[PDB]
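> After the structure tokens below, expect a handful of questions from me.
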Amino acid sequence: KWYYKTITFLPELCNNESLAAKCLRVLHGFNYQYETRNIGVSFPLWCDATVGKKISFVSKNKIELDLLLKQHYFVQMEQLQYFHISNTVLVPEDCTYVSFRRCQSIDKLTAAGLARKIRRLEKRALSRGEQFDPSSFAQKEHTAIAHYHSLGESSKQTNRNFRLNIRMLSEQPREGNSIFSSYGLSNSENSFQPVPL
Amino acid sequence: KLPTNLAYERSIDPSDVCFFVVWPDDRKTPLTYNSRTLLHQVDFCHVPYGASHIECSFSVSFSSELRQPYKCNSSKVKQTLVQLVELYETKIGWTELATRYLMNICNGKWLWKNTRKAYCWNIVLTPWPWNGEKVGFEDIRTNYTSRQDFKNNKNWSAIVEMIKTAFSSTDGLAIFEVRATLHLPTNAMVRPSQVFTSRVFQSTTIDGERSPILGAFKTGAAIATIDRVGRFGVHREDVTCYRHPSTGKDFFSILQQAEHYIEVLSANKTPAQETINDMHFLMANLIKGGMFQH
Amino acid sequence: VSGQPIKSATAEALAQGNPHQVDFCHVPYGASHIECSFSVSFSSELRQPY
Amino acid sequence: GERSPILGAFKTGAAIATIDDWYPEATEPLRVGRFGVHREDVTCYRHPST
RNA sequence: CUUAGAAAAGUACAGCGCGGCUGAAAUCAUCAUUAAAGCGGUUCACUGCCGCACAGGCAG
Numbered sequence: 002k003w004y005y006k007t008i009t010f011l012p013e014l015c016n017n018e019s020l021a022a023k024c025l026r027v028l029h030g031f032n033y034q035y036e037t038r039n040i041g042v043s044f045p046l047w048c049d050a051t052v053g054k055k056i057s058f059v060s061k062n063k064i065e066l067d068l069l070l071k072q073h074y075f076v077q078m079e080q081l082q083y084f085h086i087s088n089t090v091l092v093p094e095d096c097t098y099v100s101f102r103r104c105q106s107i108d109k110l111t112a113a114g115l116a117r118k119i120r121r122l123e124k125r126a127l128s129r130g131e132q133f134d135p136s137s138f139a140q141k142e143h144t145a146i147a148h149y150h151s152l153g154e155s156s157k158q159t160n161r162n163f164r165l166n167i168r169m170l171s172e173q174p175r176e177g178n179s180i181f182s183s184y185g186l187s188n189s190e191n192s193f194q195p196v197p198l
Numbered sequence: 002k003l004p005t006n007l008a009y010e011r012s013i014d015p016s017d018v019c020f021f022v023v024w025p026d027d028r029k030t031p032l033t034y035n036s037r038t039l040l071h072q073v074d075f076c077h078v079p080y081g082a083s084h085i086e087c088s089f090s091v092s093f094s095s096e097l098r099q100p101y102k103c104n105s106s107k108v109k110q111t112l113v114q115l116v117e118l119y120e121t122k123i124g125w126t127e128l129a130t131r132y133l134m135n136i137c138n139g140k141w142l143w144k145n146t147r148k149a150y151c152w153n154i155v156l157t158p159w160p161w162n163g164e165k166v167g168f169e170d171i172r173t174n175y176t177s178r179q180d181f182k183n184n185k186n187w188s189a190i191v192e193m194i195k196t197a198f199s200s201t202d203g204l205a206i207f208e209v210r211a212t213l214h215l216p217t218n219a220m221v222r223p224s225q226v227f228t243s244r245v246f247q248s249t250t251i252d253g254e255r256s257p258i259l260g261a262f263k264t265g266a267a268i269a270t271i272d283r284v285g286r287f288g289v290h291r292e293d294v295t296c297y298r299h300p301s302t303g304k305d306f307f308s309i310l311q312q313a314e315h316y317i318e319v320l321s322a323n324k325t326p327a328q329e330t331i332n333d334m335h336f337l338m339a340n341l342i343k344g345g346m347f348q349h
Numbered sequence: 052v053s054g055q056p057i058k059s060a061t062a063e064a065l066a067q068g069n070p071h072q073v074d075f076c077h078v079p080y081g082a083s084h085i086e087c088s089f090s091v092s093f094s095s096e097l098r099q100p101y
Numbered sequence: 253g254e255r256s257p258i259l260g261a262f263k264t265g266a267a268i269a270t271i272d273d274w275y276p277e278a279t280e281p282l283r284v285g286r287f288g289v290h291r292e293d294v295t296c297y298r299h300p301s302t
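Residue numbers (UniProt numbering), protein chains in the order written: chain E, 2 to 198; chain L, 2 to 40, 71 to 228, 243 to 272, 283 to 349; chain C, 52 to 101; chain S, 253 to 302.
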């Protein structure tokens, strides 16, 4: 059975985008330093102009989640009056299930991503065929996209600041796998596991 | 002193700058930009992958429309200004203004920030009337970086001469057609003019498709940046304006000394520190044109 | 008017930007030459007053 | 179906009628009018006092 | 501390018949809106993988 604990960004003068990015960073770190990927991440509240003031971690295993929220970052921010932590609350039956899927489409929709796509096609052209001309490919005159937050991230193996984005959408209230990617994302390559508010 | 009606017409007439993309086959296609909107409009313009070099072309035409005022309520100030122009031309000459206006054409100042991270960019122009080969400048970044570097060109004296004749003789006219070649890095940012209203560019349809553009007025500002020449020394980035009316070196506080300047230009050798610079500013404002009604 | 500078004309006020809206007409890129045509007629209506 | 800039009919008439160079101290032609009005200079020649 | 002190106007009702505004017209000559203009990303959305994909998915 799912269990969750929540934390609220107490200061009013703060970028909750940056705070959520740091939270996802420590979450990913724990998901590697340890092999488990049980715990997902959910935002109880979401606004079209900014991510919510609270972030709630949802996991099928209680012990793993509690051990995760004992990480050094959380402890050293707790006594600084910048974080407020809830111990644990069982998932209510009245909660709703939505998925915070990460969107890889924007990384290709952007201009440098389009250039990367064309370069990848050029490299994959080693599969024998007539040499294509880049002049044929062109960018769309107009592009319309739904609301997203694009929290932000920095790679550790190499100094590349790739920015991750998540789009919220409702899904079927049942999925028993309880698996996620390196970060809680509800867009795991295997399946799009929902998370509760 | 200022008559109720006094208007001048611009002598320098820049045109729009149209960007072209050159492919390795040397075929040219108009540059295009993407527009992104959220459900606020943000516009992105980058060099497509595989493009050889961006090409920008525009035409600037000089004319002798500063000889006499376009409109003039009173005849006295009309002949005053005409005599002032004649005396300045005869005593100081158009060489300084011509060189300052021509350097911005040749050094790529009109490209604004588009030349920031380009490896090398060339400026080649075909003047009119002309009787030989096109004037060509190669690798402005390293070769032509100073007045001496420009003057050491093969025919720098010839091109600057036709501007002097155009400014001096009535009906005289010189037309240039500039063509820049920018070897920008792969998928480098191109910064065109943004329309008055977020980031949204000015666009004109070329060959059936929209293209980013640099406004004609915006290019004129870069060509006329010789001091930007204006009634007051207005600075765009830092809000404060130099040549404030309190400083006594604006256009009007200088224009109203026309009789004194006429006396000075004809009596003895003018000082190169104060009077010559004031004369340069006055004629630079006259070339720009405008209305000096009140 | 015919006097000292207005006191309120500080550095910022005289250097602010005042927008304008004009109609811009120019020859399109890639054209060859502009062509203009009209018709004028000469008549003998000056012989007798209207 | 496309709006296009034009030169007014009265304006082109004002152009081909700029033949008047018979005023007392004439230098350049003017538009033929009952009071020989100059436009580049505001004042008008051929005043009734003349 | 009021020309103070007090007071139910109410019952019925058919305006009806008929009608030709018609003749005529010229609004009407002339006209120059013209001059002059920077709206500005310093970094920020990168680089790999799969798939034949101007398809759509992966990770750091």
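For each residue, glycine too, the CB sits at the ideal point set by N, CA and C.
#1: Kindly say whether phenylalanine 21 (chain L), judged by its beta-carbon, lies nearer than 7 Å to any beta-carbon of chain C.
#2: Since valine 191 (chain L) and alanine 129 (chain L) are thought to touch, with beta carbons under 8 Å apart, how far apart are those beta carbons, to the nearest angstrom?
#3: Determine, for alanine 64 (chain C), whether the minimum Cβ-Cβ distance to residues of chain L falls below 7 Å.
#4: Do the CB positions of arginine 283 (chain S) and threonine 270 (chain S) come within less than 7 Å of each other?
#5: Report yes or no: do three or more beta-carbon pairs, one from the stretch 73-88 of chain L and one from the stretch 16-31 of chain L, lie closer than 8 Å?
#6: Cβ closer than 8 Å: which chain E residues qualify as neighbours of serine 36 (chain L)?
#7: Taking CB distances under 7 Å as the criterion, tell me whether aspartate 273 (chain S) reaches chain L.
#8: Looking at the structure shown, is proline 15 (chain L) part of a helix, part of a strand, or coil, going by DSSP?
#9: What separation, rounded to the nearest whole angstrom, lies between the Cα atoms of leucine 186 (chain E) and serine 16 (chain L)?
#10: Could you check the C-alpha separation between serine 53 (chain C) and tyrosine 119 (chain L) for me, to the nearest Å?
#11: Tell me the DSSP secondary structure of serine 256 (chain L) in three-state form.
#12: Going by DSSP, what residue range makes up the alpha helix (DSSP H) through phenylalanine 336 (chain L)?
#13: Among the candidates E:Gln194, E:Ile8, E:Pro197, whose CA atom is the shortest distance from the CA of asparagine 88 (chain E)?
#14: Which value, in whole angstroms, describes the spacing of the CA atoms of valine 166 (chain L) and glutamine 99 (chain L)?
#15: Check whether the Cβ of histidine 77 (chain L) lies closer than 7 Å to any Cβ atom in chain E.
#16: Can the beta-carbon of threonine 157 (chain L) be found closer than 7 Å to that of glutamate 117 (chain L)?
#17: Helix, strand or coil for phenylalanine 347 (chain L), going by three-state DSSP, please let me know.
#18: Does the Cβ of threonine 264 (chain L) have 16 or more other Cβ atoms within 10 Å, making it buried, or fewer, making it exposed?
#19: Would you report the Cα separation of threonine 97 (chain E) and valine 90 (chain E), rounded to the nearest angstrom?
#20: May I ask you to report which of helix, strand or coil DSSP gives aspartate 67 (chain E)?
#21: Per DSSP, what kind of secondary structure is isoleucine 40 (chain E) in: helix, strand or coil?
#22: Taking residue 277 (chain L) as part of the beta strand (DSSP E), name the residues at either end of that continuous run.
#23: Determine the closest residue to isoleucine 56 (chain E) out of E:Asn62, E:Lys63, E:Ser43, with distance taken between C-alpha atoms.
#24: What's the C-alpha gap between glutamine 132 (chain E) and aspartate 74 (chain L)?
#25: Can you grab the Cα-Cα spacing for the pair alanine 50 (chain E) / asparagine 166 (chain E), in whole Å?
#26: For a test of the three-state rule: what should DSSP assign to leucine 170 (chain E), helix, strand or coil?
#27: Could you list which residues in chain C have their beta carbon closer than 8 Å to that of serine 16 (chain L), in chain order?
#28: Does the stretch 165-182 of chain L come within contact of the stretch 137-156 of chain L, defined as at least 3 CB pairs closer than 8 Å?
#29: Give me whichever residues DSSP pairs with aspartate 74 (chain L) in a beta bridge.
#30: Is the shortest distance between the beta-carbon of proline 281 (chain S) and the beta-carbons of chain C less than 7 Å?
#31: Report the three-state DSSP secondary structure of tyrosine 184 (chain E) (helix, strand or coil).
#32: Within the 7 Å Cβ cut-off, does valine 294 (chain S) reach chain L?
#33: Enumerated in chain order, which unbroken segments of the beta strand (DSSP E) with a length of 3 residues or greater are wholly contained in the stretch 95-181 of chain E?
#34: According to DSSP, is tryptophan 141 (chain L) part of a helix, a strand, or is it coil?
#35: For a test of the three-state rule: what should DSSP assign to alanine 8 (chain L), helix, strand or coil?
#36: What residues in its chain sit with their C-beta under 8 Å from that of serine 321 (chain L), if we drop five residues either side in the sequence?
Reading off the structure:
#1: For this step, residue 21 (chain L) is matched to residue 20 along the second sequence. No, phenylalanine 21 (chain L) lies away from the interface with chain C (no Cβ there is under 7 Å from its Cβ).
#2: Translated into the one-based positions of the second sequence, residue 191 (chain L) becomes position 160. Translated into the one-based positions of the second sequence, residue 129 (chain L) becomes position 98. Rounded, the Cβ-Cβ distance is 5 Å, consistent with contact.
#3: Here residue 64 (chain C) corresponds to residue number 13 of the third sequence, with the count starting at 1. Not one chain L Cβ lies under 7 Å of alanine 64 (chain C).
#4: Here residue 283 (chain S) is taken as the residue at index 31 of the fourth sequence, counted from 1. Here residue 270 (chain S) is taken as the residue at index 18 of the fourth sequence, counted from 1. A contact, by the Cβ cut-off of 7 Å.
#5: yes
#6: Working through the second sequence from its first residue, we reach residue 36 (chain L) at position 35. Here the neighbours are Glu142, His143, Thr144.
#7: Taking the fourth sequence and counting its residues from 1, one reaches residue 273 (chain S) at position 21. Cβ-Cβ to chain L under 7 Å: no for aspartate 273 (chain S).
#8: The sequence position of residue 15 (chain L) within the second sequence is 14, counting from 1. In this structure, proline 15 (chain L) counts as coil in the three-state DSSP scheme.
#9: Within the first sequence, residue 186 (chain E) is the residue found at index 185, counting from 1. Within the second sequence, residue 16 (chain L) is the residue found at index 15, counting from 1. If I take the Cα positions, the gap works out to 52 Å.
#10: Translated into the one-based positions of the third sequence, residue 53 (chain C) becomes position 2. Translated into the one-based positions of the second sequence, residue 119 (chain L) becomes position 88. Their backbone Cα atoms lie some 27 Å apart in a straight line.
#11: Residue mapping note: residue 256 (chain L) aligns to position 211 of the second sequence, counting from 1. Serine 256 (chain L) falls in the strand class under three-state DSSP.
#12: Residue 336 (chain L) sits at position 281 when you count from the first residue of the second sequence. 330-343 is the span of the alpha helix (DSSP H), which, as asked, contains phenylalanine 336 (chain L).
#13: What you label residue 88 (chain E) is simply residue 87 of the first sequence in a count that begins at 1. If we check each option's Cα against that of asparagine 88 (chain E), E:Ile8 comes out closest.
#14: Position 135 of the second sequence, counted from the start, is the residue given in the question as residue 166 (chain L). Position 68 of the second sequence, counted from the start, is the residue given in the question as residue 99 (chain L). So the alpha carbons of these two residues sit roughly 32 Å apart.
#15: Looking up residue 77 (chain L) in the second sequence gives position 46. Answer yes: the Cβ-Cβ gap between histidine 77 (chain L) and chain E drops below 7 Å somewhere.
#16: Numbered from 1 along the second sequence, position 126 holds the residue referred to as residue 157 (chain L). Numbered from 1 along the second sequence, position 86 holds the residue referred to as residue 117 (chain L). With respect to the 7 Å criterion, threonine 157 (chain L) and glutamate 117 (chain L) are not classified as neighbours on the basis of their beta carbons.
#17: As a working mapping, residue 347 (chain L) is identified with position 292 in the second sequence. Looking at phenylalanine 347 (chain L) - three-state DSSP - the assignment turns out to be coil, as it is neither helix nor strand.
#18: One-based indexing of the second sequence puts residue 264 (chain L) at position 219. The residue is buried, with at least 16 neighbouring Cβ atoms inside 10 Å.
#19: To locate residue 97 (chain E), count along the first sequence from 1; it is residue 96. To locate residue 90 (chain E), count along the first sequence from 1; it is residue 89. Between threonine 97 (chain E) and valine 90 (chain E), the C-alpha separation is close to 15 Å.
#20: Residue mapping note: residue 67 (chain E) aligns to position 66 of the first sequence, counting from 1. In the structure shown, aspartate 67 (chain E) sits in a helix (DSSP, three-state: H, G or I).
#21: Taking the first residue of the first sequence as position 1, residue 40 (chain E) is located at position 39. Reduced to three states, the DSSP call for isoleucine 40 (chain E) is coil.
#22: One cannot assign coordinates to residue 277 (chain L), given that chain L in this structure leaps from 272 to 283.
#23: Taking the first residue of the first sequence as 1, we reach residue 56 (chain E) at position 55. Here the closest residue by C-alpha is E:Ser43.
#24: Here residue 132 (chain E) refers to the residue found at position 131 when the first sequence is read from its first residue. Here residue 74 (chain L) refers to the residue found at position 43 when the second sequence is read from its first residue. Our two residues, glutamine 132 (chain E) and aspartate 74 (chain L), have alpha carbons roughly 32 Å apart in a direct line.
#25: Position 49 of the first sequence holds residue 50 (chain E). Position 165 of the first sequence holds residue 166 (chain E). About 14 Å.
#26: By 1-based counting over the first sequence, the position of residue 170 (chain E) is 169. DSSP places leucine 170 (chain E) in strand when its eight states are reduced to three.
#27: In the second sequence, residue 16 (chain L) corresponds to position 15, counting from 1. Per Cβ cutoff of 8 Å: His77.
#28: yes
#29: Counting from one through the second sequence, the residue named residue 74 (chain L) turns up at place 43. Its beta-bridge partners are L:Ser36.
#30: In the fourth sequence, the residue the question calls residue 281 (chain S) occupies position 29. Taking Cβ atoms only, chain C never reaches closer than 7 Å to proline 281 (chain S), which makes this a no.
#31: The residue you call residue 184 (chain E) lines up with position 183 of the first sequence. If DSSP states are grouped into helix, strand and coil, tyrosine 184 (chain E) belongs with coil.
#32: Residue mapping note: residue 294 (chain S) aligns to position 42 of the fourth sequence, counting from 1. It does: the Cβ of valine 294 (chain S) has a partner Cβ on chain L nearer than 7 Å.
#33: 98-103, 143-146, 167-171
#34: As a working mapping, residue 141 (chain L) is identified with position 110 in the second sequence. Helix.
#35: Along the second sequence, one-based indexing puts residue 8 (chain L) at 7. Correct three-state label for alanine 8 (chain L): strand.
#36: Against the second sequence, residue 321 (chain L) aligns to sequence position 266. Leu118, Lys122, listed in sequence order.
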